[PDB]
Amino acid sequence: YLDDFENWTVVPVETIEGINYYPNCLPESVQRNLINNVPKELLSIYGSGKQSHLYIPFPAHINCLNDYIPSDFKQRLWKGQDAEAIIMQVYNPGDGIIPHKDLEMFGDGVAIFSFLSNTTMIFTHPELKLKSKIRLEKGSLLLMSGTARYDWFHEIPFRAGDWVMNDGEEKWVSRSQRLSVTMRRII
């Protein structure tokens, strides 16, 4: 991310080893139970979205998310175990995050559950001069590991909508408030 990238190519996210995306992973009931039980202050629609760090033991409305993370992922990367460290982050329209790689204190395998509304995440590789985009939908799970987690940067653009292609038309879809829950372990 430094703009306008004419030397660069946009590739399918399927080319990035260690991206696994599961649409409609969480039932609506699970999403509503979670949202109902976040402190109301965290969900303010005004100004920049707030954030909350949680650590074991998590309450049931959070802790249940561990059950929707694929067992093969936890076996391969988390020594069969469940998440230890969780950040809940709200994004009001215009909020995002600059390109980064998650801190080395976390080791491999990062799980991100999405709530409330859809957004677009962009992966960047400066050395390859490549970009890739993924639409993170309400109720989805993103797993980031390996090449995705170490070689590439990820970001969420600071804007109020996203151009989204569907059924051959491209629309500007305004963003609504979004909440993510990021689940990690500590080395």
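Residue indices: 1-based, along the sequence shown.
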On mean Cα temperature factor in this entry, is 81 to 89 or 108 to 116 the higher one? 81 to 89
Of 35 to 43 vs 135 to 143, the stretch with the larger average CA B-factor in the entry is 35 to 43
Which one of 57, 126, 157, 27 shows the biggest C-alpha B-factor in the PDB entry? 57
Comparing residue 179 with the other modelled residues of its chain, is its CA B-factor in the lowest, middle or highest third? lowest
Per the entry's values, where does residue 165 land by CA temperature factor relative to the rest of its chain, in the lowest, middle or highest third? highest
Sorting the chain's CA B-factors, does residue 16 end up in the lowest, middle or highest third? lowest
